[PDB]
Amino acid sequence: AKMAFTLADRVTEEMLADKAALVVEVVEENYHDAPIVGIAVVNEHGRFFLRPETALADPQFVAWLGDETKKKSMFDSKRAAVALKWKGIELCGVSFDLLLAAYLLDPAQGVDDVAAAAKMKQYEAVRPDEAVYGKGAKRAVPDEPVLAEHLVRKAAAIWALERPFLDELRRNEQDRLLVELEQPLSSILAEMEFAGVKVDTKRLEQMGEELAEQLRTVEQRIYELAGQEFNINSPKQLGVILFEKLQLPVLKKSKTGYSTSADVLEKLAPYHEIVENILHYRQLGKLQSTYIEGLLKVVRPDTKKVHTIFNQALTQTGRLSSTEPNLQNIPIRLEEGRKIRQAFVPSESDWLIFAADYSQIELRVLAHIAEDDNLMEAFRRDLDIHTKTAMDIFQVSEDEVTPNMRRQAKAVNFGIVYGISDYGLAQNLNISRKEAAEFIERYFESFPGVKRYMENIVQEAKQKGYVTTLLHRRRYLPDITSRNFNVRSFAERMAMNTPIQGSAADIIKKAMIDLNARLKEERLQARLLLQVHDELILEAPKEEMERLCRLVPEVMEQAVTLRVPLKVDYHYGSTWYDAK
């Protein structure tokens, strides 16, 4: 059965109505500078398919695309907006994005095409993209009649589905979350991705060469100490060398044999010199394969920029993710790895990189939502939260907090945030379950409000079926009623963690929106380049630094008002590395 539509060869006025479902199809997973393979419009006057070489060269269609008062309903408008930016065309007036609507209604559905969103409301008159385009090697744009019918069915689905999605969003009290947060954020992310980040490829290559030399040296030491050559990057081959040839103790096994995970290796270190060398080899090898070679693979040779894609409709807690490359996991913890950041530079001469980050946003959020008196007071005094947590758990003065005590209190703070469990904490601090339970017990004695919150949120998740964040993002937790201890326990941790991690995600998203508006009002040339969960990275003329130093922290700090202050630290420099 084949849906009726006009296969148009020229644009007409009735295609330019002030309300329409719009499909601007980009089949390449990475949409940066990618082809647009077809366009479909469904509105009051009918259903239309347009070839892109026709539509995009029509002045009236382009004018309609960029006219803010002509409203469009779409799926994944950021994909279209970005593909259109590369062609020098502005997309405006997108008042409804079905991908973002589906994501807000239930992030666990993993909706990634119109068909999956449609299935949520018993609408099935549209094919999954994978059925049409195929998968992997055999992936391909089909012939025009098939392609056209597909885009029109997607448009028609968007047209039919807008009202029930908005209606449910409204009952969820998530209508503003879509309209005033996620959709405006989607435009901001499109600009960030399109702007891209400049890479000093010569610097990267130099680092690659030094790395290659050190890798060879560690590699040869490894063969020396094992008394033979083998594939160090083969967990199978390595396990044989470690646990059979060298007789190292077996403390952990994988599902598939011996575990050679990094924490297993740390413990083995005192037995044989080879172990530290393997850890080092693996550190350097990760830098080499992923942050030199992999990174250089995705730099555009023409502009020396990388253009990540932020997935805004993926994570279960409302964070963004980043791909091709992932710019949210660039090394920082170890100095040799952190040097990778010297290769990320401003895109114009006499510009600098500026980075601002919230300090302890998750614990500040927890203090607000739990209304824990002790925790709120700690932030009101702007104390070192880890030292203060140690003072309370160990019942000592600040003077008596040793480094090991602070380290352990820090670890409990992590656990408390992730949904605390004696097992997870024990694993982390290399201690017994009974020991870990005493820590948690001491914690809850010092922060009774936090304990009440943990109990109350788990009950609420049971009662309601979901938990929510500050700005009404929602996560359903059906395993919270499971009679399987481990399944139920995962869900209980999720109930505890999600309002924390998710409310922190909400706050920085709102900061981003506020920041973008302030930058425009101030006519600054500064631009957002990246978000890394609790931090924003910008580039700007060196002449705007002093202004950004006052502006960016204030905007981020005032994004929401909590029972405790938000605090933002900031730095700038000639490279991302230097913005520290």
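We call the rigid core the largest set of C-alpha positions that still match within 1.5 Å between the two forms. In this text, residue numbers run from 1 along the sequence as written.
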query	finding
Core-aligned Cα RMS comparison in 4 other deposited structures of this protein - stretch that moves more, 319 to 327 or 425 to 433	425 to 433
Stretch farther from the shown model on average in 4 other deposited structures of this protein, with CA RMS computed after core superposition (458 to 466, 272 to 280)	272 to 280
Per the entry, higher mean C-alpha B factor between 551 to 559 and 60 to 68	60 to 68
Which of 369 to 377 and 478 to 486 has higher mean CA B factor, as the PDB entry lists it	478 to 486
Candidate residues 208, 184, 93, 110, the one whose C-alpha B factor the record puts highest	208
Top Cα B factor in the deposited entry, candidates 492, 460, 438, 191	438
Residue 225 - which third its CA temperature factor falls in, relative to the rest of the chain	highest
Relative C-alpha B-factor of residue 453, binned into the chain's lowest, middle or highest third	middle
Among modelled residues of the same chain, the CA temperature factor third for residue 535	lowest
Record-listed C-alpha B factor of residue 22: chain third	middle
Residue 235 - which third its CA temperature factor falls in, relative to the rest of the chain	highest
